[PDB]
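Visitor: The structure that follows is given in the form of structure tokens.
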Amino acid sequence: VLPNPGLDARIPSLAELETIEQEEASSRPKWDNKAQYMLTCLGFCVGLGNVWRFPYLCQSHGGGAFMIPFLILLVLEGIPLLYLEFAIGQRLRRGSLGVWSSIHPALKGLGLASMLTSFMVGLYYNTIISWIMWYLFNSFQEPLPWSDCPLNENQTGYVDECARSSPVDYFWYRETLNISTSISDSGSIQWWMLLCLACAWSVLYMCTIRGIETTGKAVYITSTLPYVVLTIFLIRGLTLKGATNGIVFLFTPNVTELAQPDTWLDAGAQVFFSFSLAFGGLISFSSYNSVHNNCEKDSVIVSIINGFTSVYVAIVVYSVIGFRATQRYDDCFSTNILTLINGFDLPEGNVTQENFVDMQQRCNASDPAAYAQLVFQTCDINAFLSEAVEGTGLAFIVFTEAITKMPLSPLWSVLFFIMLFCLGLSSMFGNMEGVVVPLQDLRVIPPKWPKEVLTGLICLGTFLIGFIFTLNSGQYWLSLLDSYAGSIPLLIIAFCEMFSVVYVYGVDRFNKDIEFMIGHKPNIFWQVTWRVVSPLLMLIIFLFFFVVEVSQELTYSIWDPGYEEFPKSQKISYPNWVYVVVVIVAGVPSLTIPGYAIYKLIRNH
Amino acid sequence: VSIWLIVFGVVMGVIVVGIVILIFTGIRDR
Ligand SMILES: CCCCCCCCCCCCCCCCCC(=O)OC[C@H](COP(=O)(O)O)OC(=O)CCCCCCCCCCCCCCCCC
Ligand SMILES: CCCCCCCCCCCCCCCCCC(=O)OC[C@H](COP(=O)(O)O)OC(=O)CCCCCCCCCCCCCCCCC
Ligand SMILES: *[C@@H]1O[C@H](CO)[C@@H](O[C@@H]2O[C@H](CO)[C@@H](O)[C@H](O)[C@H]2NC(C)=O)[C@H](O)[C@H]1NC(C)=O
Ligand SMILES: *[C@@H]1O[C@H](CO)[C@@H](O)[C@H](O)[C@H]1NC(C)=O
Ligand SMILES: *[C@@H]1O[C@H](CO)[C@@H](O)[C@H](O)[C@H]1NC(C)=O
Ligand SMILES: *[C@@H]1O[C@H](CO)[C@@H](O)[C@H](O)[C@H]1NC(C)=O
Ligand SMILES: *[C@@H]1O[C@H](CO)[C@@H](O)[C@H](O)[C@H]1NC(C)=O
């Protein structure tokens with residue numbers, strides 16, 4: 001609809017497409033099976049955000065109902081977008097930067113914004129896998145290292161911050177991270193973490209070495225395994241003590257939370273991360289298929305499994321939170337029992353849980369001034385089920401504490417950390433496909449130097465930039481970039497893909513070309529959401545961002561062991577030079593989409 | 001022994017051997 005000239009003789013033509021696949025068998029890779037393509041697309045949508053990000057948002061935002069919100073927004077943003085992304089790579093036969101430079105070559109910023117976004121997400125997601133395989137190496141020993149406090153020098157008492165905090169909370173901040181008190185104070189490289197980082201990048205270079213003919217078998221294993229383990233964790237989780245008391249708590253509807261501008265944003269920004277939209281990897285994976293492959297049936301099957309898995313991991317996660325909260329309620333209520341037995345001389349099995357409150361008043365009516373020194377607790381469930389931990393603590397200080405109280409402790413910890421590893425790995429494959437393929441269409445290296453050499457300089461180049469998160473303050477740097485980065489770029493890049501296919505390429509040329517592949521020109525549901533609904537629905541997510549950014553009082557959490565009233569929380573209000581980092585990681589992937597479009601329109605004219 | 005160092009050890013071994021068996025199969029495809 002927008003007047004771009006010369007669209008033909010820049011893209012392949014429709015009558016020429018039946019001859020192009022019997023010559024792109026050379027000089028272009030190809031899938032072996034159809035299941036090799038669906039398993040590497042499920043692994044790119046499902047990873048590490050269904051574990052510690054979705055089940056918190058499913059409950060904290062009026063769970064049981066948030067399902068509703070998350071659903072609608074899905075079959076509205078997600079479906080339409082994913083479909084249009086699968087059908088644009090199969091037709092134009094290029095990667096991510098080659099598709100948007102084929103249609104109006106003055107655009108070209110959507111390819112460079114997808115490469116900068118895939119570089120920054122895959123930079124810090126390879127440090128989370130670095131932390132995960134550190135907890136995997138510290139398995140294979142029956143007293144796990146996060147099970148008991150160490151002794152200090154004289155072997156008479158514990159270490160001081162292991163006694164005020166928890167031993168698990170001590171293994172993360174002092175024996176894994178060696179964290180500092182601020183983001184300003186940084187130290188050395190912390191060798192162990194560095195070795196682990198090396199291992200992670202090395203394991204990543206072995207799987208994605210020769211492009212797509214290695215990540216095939218890789219995807220197979222790294223895509224099934226995760227599922228089987230997740231299952232095994234369901235029939236163990238639903239048996240322990242306190243599951244079905246953490247499943248009910250997840251699915252309690254609170255309809256007041258639906259009328260909130262902050263609910264529909266993170267429900268909207270999870271859909272763009274429950275899938276892998278606006279990343280540039282799903283277009284490069286779809287471009288290897290046959291020309292008559294059904295891409296309408298693939299986008300429904302991929303989105304049904306992604307909507308079913310996000311509920312399925314939340315059942316497994318909140319079964320373990322329900323077991324940990326029932327255990328902490330019983331090891332609290334047995335100490336309120338133990339106080340009066342040690343003060344009023346009663347038999348052992350005397351004064352259980354059924355008779356606590358009536359035996360409170362039998363003692364104070366027997367003899368006063370002996371109840372006044374008694375310290376009791378006000379501990380109760382829905383206060384042990386209601387901690388707001390999120391993002392890394394749901395696996396390193398919450399899930400791994402409930403594993404130590406199970407029967408076979410060093411076996412449920414090996415099975416738990418190899419699964420997370422697998423998830424991370426599949427996501428990594430995705431992001432790597434995202435940064436290598438646009439770096440070949442730019443031709444930064446000569447057409448010598450085969451596929452082993454370009455991937456080796458990406459895995460070694462992103463390794464040296466990953467030294468930031470190995471410092472003492474390296475966990476404050478990783479909690480900074482994540483959110484911001486992701487969110488902003490994702491939304492913005494996602495809007496201009498829906499715009500430049502419908503109004504620059506033309507939705508009438510699109511329909512014809514699609515029909516040429518499958519038959520049966522798409523329904524009234526596809527024509528409505530492509531044209532009016534999903535571009536409008538992606539603007540109110542972009543409008544709600546600058547509503548919740550201007551009033552949330554941007555802060556961050558520190559540890560600070562030498563601090564009065566220590567183990568509660570802390571928020572100490574980021575320094576003024578950190579806005580340089582926020583502008584850099586969130587702004588310049590957003591600004592290369594207009595920035596190249598202004599440069600190309602003034603170089604010619 | 002510092003038991004996490006031997007697991008890491010064994011894993012690194014395999015990783016490296018694999019990368020090598022991977023860069024020499026790619027020279028037997030010319
Ligand atoms: C359930 C998890 C375990 C594994 C499940 C396996 C998935 C099997 C599901 C069905 C797969 C087989 C094909 C399904 C239909 C495709 C046919 C087709 O699309 O023809 C074009 C069909 C008809 O074409 P026509 O002939 O041109 O009219 O048009 C459409 O597809 C329009 C439908 C709009 C898409 C909305 C789909 C709603 C997804 C549900 C939302 C997420 C639910 C998640 C909740 C949790 C559940 C687990
Ligand atoms: C002239 C100006 C440009 C050159 C100046 C130097 C450029 C920068 C140095 C580049 C060095 C590498 C390129 C060497 C030449 C390439 C051409 C070639 O090899 O063909 C001959 C050779 C074939 O020779 P033929 O036997 O005569 O056929 O090809 C190969 O052997 C390539 C073998 C694959 C090499 C890939 C491994 C290198 C990167 C390793 C990265 C490991 C990362 C691990 C994960 C991270 C851990 C932290
Ligand atoms: C259901 O969701 C509402 C929405 O936030 C929760 O509400 C608030 O309660 C706090 C009390 O700490 C007030 O300061 C807020 O003003 C309330 N919000 C509104 C919009 O009225 C409520 O807690 C949730 N229900 C339950 C049982 O937790
Ligand atoms: C604790 O250890 C220190 C040396 O680290 C020693 O001087 C002190 O006497 C010890 N305390 C006790 C009670 O033994
Ligand atoms: C980090 O650990 C080293 C010993 O491994 C210790 O000397 C140093 O004080 C720790 N860093 C901080 C900030 O406490
Ligand atoms: C607790 O002590 C009272 C006092 O004699 C006794 O009647 C009751 O049976 C005891 N409870 C149990 C479980 O033994
Ligand atoms: C015993 O102590 C409780 C706790 O404050 C109090 O509520 C109760 O009234 C006391 N009993 C008497 C007889 O005052």
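Here's how to read the names in the structure tokens: chain A, B, ... by the order shown, residue numbers from 1 in each chain, ligand numbers from 1 in the order shown.
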Enumerate residues in contact with ligand 4: an atom-to-atom distance of at most 9 Å, counting only C-alpha atoms and all ligand atoms. Format the result as an mmCIF file with N, CA and C atoms, in the first residue's frame.
Guide:
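Saved result, pocket_11.cif, follows:
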data_model
loop_
_atom_site.group_PDB
_atom_site.id
_atom_site.type_symbol
_atom_site.label_atom_id
_atom_site.label_comp_id
_atom_site.auth_asym_id
_atom_site.auth_seq_id
_atom_site.Cartn_x
_atom_site.Cartn_y
_atom_site.Cartn_z
ATOM 1 N N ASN A 152 34.170 -21.673 61.662
ATOM 2 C CA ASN A 152 34.913 -20.457 61.301
ATOM 3 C C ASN A 152 36.429 -20.571 61.458
ATOM 4 N N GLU A 153 36.926 -20.559 62.693
ATOM 5 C CA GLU A 153 38.348 -20.790 62.923
ATOM 6 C C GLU A 153 38.607 -21.707 64.110
ATOM 7 N N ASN A 154 37.811 -21.558 65.165
ATOM 8 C CA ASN A 154 38.042 -22.278 66.407
ATOM 9 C C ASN A 154 37.115 -23.473 66.575
ATOM 10 N N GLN A 155 36.274 -23.748 65.572
ATOM 11 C CA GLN A 155 35.363 -24.894 65.507
ATOM 12 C C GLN A 155 34.367 -24.935 66.665
ATOM 13 N N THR A 156 34.052 -23.785 67.258
ATOM 14 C CA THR A 156 33.096 -23.711 68.354
ATOM 15 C C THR A 156 31.739 -23.185 67.916
ATOM 16 N N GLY A 157 31.710 -22.253 66.961
ATOM 17 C CA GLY A 157 30.461 -21.733 66.453
ATOM 18 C C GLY A 157 30.477 -21.676 64.939
#
Visitor: Run DSSP on the backbone and give me the residues of segment 247-493 of chain A it puts in helix (DSSP H, G or I), as a PyMOL selection string.
Guide: chain A and resi 247-250+255-258+263-274+282-286+296-344+357-366+393-396+399-404+409-436+438-441+451-465+468-470+474-493
Visitor: Output as a Markdown table one row per residue of chain B within 9 Å of ligand 2: the closest atom pair and its distance in Å to one decimal place, counting only C-alpha atoms and all ligand atoms, sorted by chain and residue number ascending.
Guide:
| residue | atom | partner | partner_atom_place_in_ligand_line | distance |
| --- | --- | --- | --- | --- |
| B:16 | CA | ligand 2 | 44 (C) | 8.9 |
| B:19 | CA | ligand 2 | 44 (C) | 8.4 |
| B:23 | CA | ligand 2 | 34 (C) | 5.5 |
| B:24 | CA | ligand 2 | 33 (C) | 7.4 |
| B:26 | CA | ligand 2 | 33 (C) | 7.5 |
| B:27 | CA | ligand 2 | 31 (O) | 6.5 |
| B:30 | CA | ligand 2 | 28 (O) | 7.5 |
Visitor: Create the file for the chosen residues now, containing N, CA and C atoms and written as a compact mmCIF listing (two decimals), in the first residue's frame.
Guide:
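Final file, result.txt:
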# COMPACT_ATOMS: atom_id res chain seq x y z
N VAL B 16 36.31 -31.13 25.03
CA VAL B 16 37.43 -30.89 24.12
C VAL B 16 37.63 -32.01 23.10
N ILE B 19 35.04 -31.52 20.44
CA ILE B 19 35.30 -30.43 19.52
C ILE B 19 36.38 -30.84 18.52
N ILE B 23 36.15 -30.98 14.45
CA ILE B 23 36.85 -30.14 13.49
C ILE B 23 37.69 -30.94 12.48
N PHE B 24 37.82 -32.25 12.68
CA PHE B 24 38.55 -33.10 11.75
C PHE B 24 37.64 -33.91 10.86
N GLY B 26 35.08 -32.33 9.71
CA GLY B 26 34.84 -31.24 8.77
C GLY B 26 35.96 -30.99 7.79
N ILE B 27 37.14 -31.58 8.01
CA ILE B 27 38.17 -31.56 6.98
C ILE B 27 38.11 -32.82 6.13
N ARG B 30 35.78 -32.35 2.40
CA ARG B 30 36.21 -31.52 1.29
C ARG B 30 36.44 -32.41 0.07
Visitor: Residues up to 6 Å from ligand 3, counting only C-alpha atoms and all ligand atoms: could you list those as number ranges by chain?
Guide: A: 254, 256-257
Visitor: Once you count only C-alpha atoms, which residues of chain A turn out to be within 6 Å of chain B? Could you give them as a list in words?
Guide: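 In the required form, that comes to residues 137, 138 and 206 of chain A.
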Visitor: What lies within 12 Å of residue 395 of chain A using only C-alpha atoms, ignoring chain neighbours under 3 positions off, as an MDAnalysis selection string?
Guide: chainID A and resid 48:49 51:53 128 131:132 135 168:169 172 317 320:321 389:392 398:403 413 416:417 419:420
Visitor: How would the residues just chosen look if you wrote them out with N, CA, C and O atoms as a compact mmCIF listing (two decimals), in the first residue's frame?
Guide:
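Once written, part-v6.txt looks like this:
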# COMPACT_ATOMS: atom_id res chain seq x y z
N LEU A 48 13.59 -21.62 30.50
CA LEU A 48 14.01 -20.83 31.66
C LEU A 48 13.11 -19.65 32.04
O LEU A 48 13.42 -18.93 32.99
N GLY A 49 12.00 -19.46 31.34
CA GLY A 49 11.09 -18.39 31.67
C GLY A 49 9.76 -18.98 32.09
O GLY A 49 8.92 -18.31 32.69
N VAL A 51 9.90 -21.40 34.19
CA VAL A 51 10.26 -21.96 35.48
C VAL A 51 10.21 -20.90 36.57
O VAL A 51 9.57 -21.11 37.61
N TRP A 52 10.88 -19.77 36.37
CA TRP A 52 10.97 -18.76 37.42
C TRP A 52 10.32 -17.44 37.05
O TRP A 52 10.43 -16.47 37.81
N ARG A 53 9.64 -17.36 35.91
CA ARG A 53 9.03 -16.09 35.55
C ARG A 53 7.52 -16.22 35.39
O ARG A 53 6.77 -15.38 35.89
N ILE A 128 23.69 -17.56 33.12
CA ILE A 128 22.77 -18.33 33.95
C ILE A 128 23.05 -19.82 33.81
O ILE A 128 23.04 -20.56 34.80
N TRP A 131 25.96 -20.55 35.89
CA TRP A 131 25.62 -20.77 37.29
C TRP A 131 24.96 -22.12 37.50
O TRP A 131 25.11 -22.71 38.57
N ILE A 132 24.23 -22.61 36.49
CA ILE A 132 23.50 -23.86 36.63
C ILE A 132 24.45 -25.05 36.67
O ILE A 132 24.32 -25.94 37.51
N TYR A 135 26.18 -25.63 40.04
CA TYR A 135 25.41 -26.44 40.99
C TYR A 135 25.32 -27.89 40.57
O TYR A 135 24.99 -28.74 41.39
N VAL A 168 21.45 -22.23 52.75
CA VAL A 168 21.28 -22.21 51.30
C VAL A 168 21.48 -20.78 50.82
O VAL A 168 22.05 -20.55 49.76
N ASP A 169 21.00 -19.82 51.60
CA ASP A 169 21.12 -18.41 51.28
C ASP A 169 22.56 -17.98 51.46
O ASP A 169 22.95 -16.90 51.04
N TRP A 172 24.80 -19.29 47.99
CA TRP A 172 24.60 -18.47 46.81
C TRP A 172 25.40 -17.18 46.89
O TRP A 172 26.17 -16.86 45.98
N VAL A 317 6.13 -26.51 39.67
CA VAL A 317 6.86 -25.56 40.51
C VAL A 317 6.11 -25.31 41.81
O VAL A 317 6.69 -25.37 42.90
N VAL A 320 6.24 -27.87 44.67
CA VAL A 320 7.44 -27.85 45.50
C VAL A 320 7.41 -26.69 46.48
O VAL A 320 7.86 -26.82 47.63
N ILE A 321 6.84 -25.55 46.07
CA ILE A 321 6.60 -24.44 47.00
C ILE A 321 5.58 -24.84 48.06
O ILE A 321 5.71 -24.47 49.23
N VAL A 389 9.79 -14.26 45.62
CA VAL A 389 11.07 -14.56 44.99
C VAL A 389 10.85 -14.86 43.51
O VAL A 389 9.82 -15.41 43.11
N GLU A 390 11.80 -14.41 42.68
CA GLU A 390 11.61 -14.41 41.24
C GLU A 390 12.94 -14.21 40.53
O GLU A 390 13.73 -13.35 40.92
N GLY A 391 13.18 -15.02 39.51
CA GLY A 391 14.18 -14.72 38.50
C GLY A 391 15.45 -15.54 38.56
O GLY A 391 15.91 -16.04 37.54
N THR A 392 16.02 -15.69 39.76
CA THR A 392 17.06 -16.68 40.00
C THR A 392 16.87 -17.40 41.32
O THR A 392 17.41 -18.49 41.48
N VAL A 398 15.33 -21.67 46.70
CA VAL A 398 13.98 -22.12 47.05
C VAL A 398 13.79 -23.56 46.63
O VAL A 398 13.37 -24.41 47.43
N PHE A 399 14.10 -23.86 45.37
CA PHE A 399 13.92 -25.22 44.88
C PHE A 399 14.98 -26.17 45.42
O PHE A 399 14.68 -27.33 45.69
N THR A 400 16.20 -25.69 45.60
CA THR A 400 17.27 -26.56 46.07
C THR A 400 17.28 -26.73 47.58
O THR A 400 18.04 -27.56 48.09
N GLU A 401 16.46 -25.97 48.31
CA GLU A 401 16.28 -26.22 49.73
C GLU A 401 15.27 -27.33 49.96
O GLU A 401 15.44 -28.15 50.88
N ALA A 402 14.23 -27.40 49.13
CA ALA A 402 13.25 -28.47 49.24
C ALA A 402 13.78 -29.81 48.76
O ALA A 402 13.21 -30.85 49.11
N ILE A 403 14.85 -29.81 47.96
CA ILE A 403 15.45 -31.06 47.50
C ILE A 403 16.21 -31.75 48.63
O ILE A 403 16.16 -32.98 48.76
N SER A 413 18.78 -33.69 42.80
CA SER A 413 19.51 -32.48 42.45
C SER A 413 20.30 -32.63 41.15
O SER A 413 20.55 -31.63 40.49
N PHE A 416 17.49 -32.34 38.52
CA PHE A 416 16.91 -31.01 38.41
C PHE A 416 17.82 -30.06 37.65
O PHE A 416 17.33 -29.21 36.89
N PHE A 417 19.13 -30.17 37.83
CA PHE A 417 20.04 -29.23 37.20
C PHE A 417 20.50 -29.66 35.81
O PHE A 417 21.08 -28.84 35.10
N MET A 419 18.18 -30.70 33.68
CA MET A 419 16.99 -30.28 32.95
C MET A 419 17.07 -28.79 32.62
O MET A 419 16.79 -28.37 31.48
N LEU A 420 17.44 -27.99 33.61
CA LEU A 420 17.58 -26.56 33.42
C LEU A 420 18.67 -26.36 32.38
O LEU A 420 18.57 -25.50 31.50
Visitor: Counting only C-alpha atoms, what is within 12 Å of residue 339 of chain A, bar same-chain residues fewer than 4 positions away, as an NGL selection string?
Guide: :A and (332-335 or 343-346 or 351 or 356 or 360 or 370-371 or 373-377)
Visitor: Which is closer to ligand 7 than all the others in A:255, A:363, A:492, A:81, using only C-alpha atoms and all ligand atoms?
Guide: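 Nearest candidate to ligand 7 out of A:255, A:363, A:492, A:81: A:363.
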Visitor: Taking only C-alpha atoms and all ligand atoms into account, list the residues no farther than 10 Å from ligand 5, as a PDB file with C-alpha atoms, in the first residue's frame.
Guide:
ATOM      1  CA  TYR A 173      25.818 -15.103  48.039  1.00  0.00           C
ATOM      2  CA  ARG A 174      29.160 -16.076  49.603  1.00  0.00           C
ATOM      3  CA  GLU A 175      30.333 -19.416  48.183  1.00  0.00           C
ATOM      4  CA  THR A 176      29.042 -19.065  44.615  1.00  0.00           C
ATOM      5  CA  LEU A 177      28.906 -15.334  43.890  1.00  0.00           C
ATOM      6  CA  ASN A 178      31.066 -13.799  46.667  1.00  0.00           C
ATOM      7  CA  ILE A 179      28.792 -10.783  46.239  1.00  0.00           C
ATOM      8  CA  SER A 180      29.627  -7.190  47.215  1.00  0.00           C
ATOM      9  CA  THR A 181      27.498  -4.592  48.961  1.00  0.00           C
ATOM     10  CA  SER A 182      26.948  -2.344  45.924  1.00  0.00           C
ATOM     11  CA  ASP A 185      32.284  -1.909  44.531  1.00  0.00           C
ATOM     12  CA  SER A 186      33.787  -4.542  42.227  1.00  0.00           C
ATOM     13  CA  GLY A 187      36.748  -6.831  42.775  1.00  0.00           C
ATOM     14  CA  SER A 188      38.615  -9.599  40.974  1.00  0.00           C
ATOM     15  CA  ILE A 189      37.489 -12.150  38.383  1.00  0.00           C
ATOM     16  CA  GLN A 190      36.524 -14.933  40.899  1.00  0.00           C
ATOM     17  CA  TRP A 191      38.283 -17.904  39.245  1.00  0.00           C
ATOM     18  CA  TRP A 192      35.765 -20.723  39.821  1.00  0.00           C
ATOM     19  CA  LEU A 471      33.193 -10.028  39.219  1.00  0.00           C
ATOM     20  CA  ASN A 472      32.147  -9.515  42.828  1.00  0.00           C
ATOM     21  CA  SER A 473      29.310  -7.212  41.737  1.00  0.00           C
ATOM     22  CA  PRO A 561      25.975  -8.741  55.564  1.00  0.00           C
TER      23      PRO A 561
END
Visitor: Using only C-alpha atoms and all ligand atoms, which of the listed residues (A:78, A:281, A:430, A:446) sits closest to ligand 1?
Guide: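 For ligand 1, the nearest of the candidates is A:78.
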Visitor: Using only C-alpha atoms, which protein or nucleic acid residues come within 12 Å of residue 505 of chain A? Drop anything in the same chain fewer than 2 positions from it, and give the result as a PyMOL selection string.
Guide: chain A and resi 1-8+11+88+92+99-105+107+496-503+507-511+513
Visitor: For atom CA of residue 16 of chain A and atom 25 (P, counted along the ligand's line) of ligand 1, determine how far apart the two atoms are, in Å to one decimal place.
Guide: 26.7 Å
Visitor: Within 12 Å of residue 457 of chain A, counting only C-alpha atoms, which residues show up once you throw out same-chain ones fewer than 4 positions away? Write them as a compact mmCIF listing (two decimals) with C-alpha atoms, in the first residue's frame, please.
Guide:
# COMPACT_ATOMS: atom_id res chain seq x y z
CA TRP A 201 30.72 -21.41 26.09
CA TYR A 205 30.51 -24.18 20.50
CA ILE A 209 29.71 -25.78 15.10
CA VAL A 435 23.67 -13.76 15.63
CA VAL A 436 25.62 -15.84 13.02
CA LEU A 439 26.76 -11.71 10.22
CA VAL A 444 32.43 -9.26 7.46
CA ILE A 445 34.74 -12.15 6.50
CA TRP A 449 37.03 -19.30 6.16
CA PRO A 450 34.35 -22.02 6.60
CA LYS A 451 31.49 -22.31 9.10
CA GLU A 452 33.78 -23.56 11.90
CA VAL A 453 35.70 -20.27 11.88
CA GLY A 461 34.28 -12.94 21.43
CA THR A 462 31.19 -13.22 23.61
CA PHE A 463 33.29 -15.06 26.22
CA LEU A 464 35.56 -12.07 26.88
Visitor: Residues within 8 Å of ligand 6, counting only C-alpha atoms and all ligand atoms: report them as a ChimeraX atom specification.
Guide: /A:346-352
Visitor: Show me which residues sit within 6 Å of ligand 7 when counting only C-alpha atoms and all ligand atoms, and put them as a ChimeraX atom specification.
Guide: /A:361,364-365
Visitor: Pull N, CA, C and O atoms from the residues just selected and write them as a compact mmCIF listing (two decimals), in the first residue's frame.
Guide:
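File selection05.txt, as written:
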# COMPACT_ATOMS: atom_id res chain seq x y z
N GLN A 361 -3.92 -21.57 77.53
CA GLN A 361 -4.66 -20.95 78.62
C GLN A 361 -4.75 -21.83 79.86
O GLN A 361 -5.05 -21.32 80.94
N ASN A 364 -1.51 -20.55 81.76
CA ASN A 364 -1.57 -19.21 82.34
C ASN A 364 -2.66 -19.08 83.40
O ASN A 364 -2.60 -18.15 84.21
N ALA A 365 -3.64 -19.98 83.42
CA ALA A 365 -4.58 -20.04 84.54
C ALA A 365 -4.05 -20.89 85.69
O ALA A 365 -4.55 -20.76 86.81
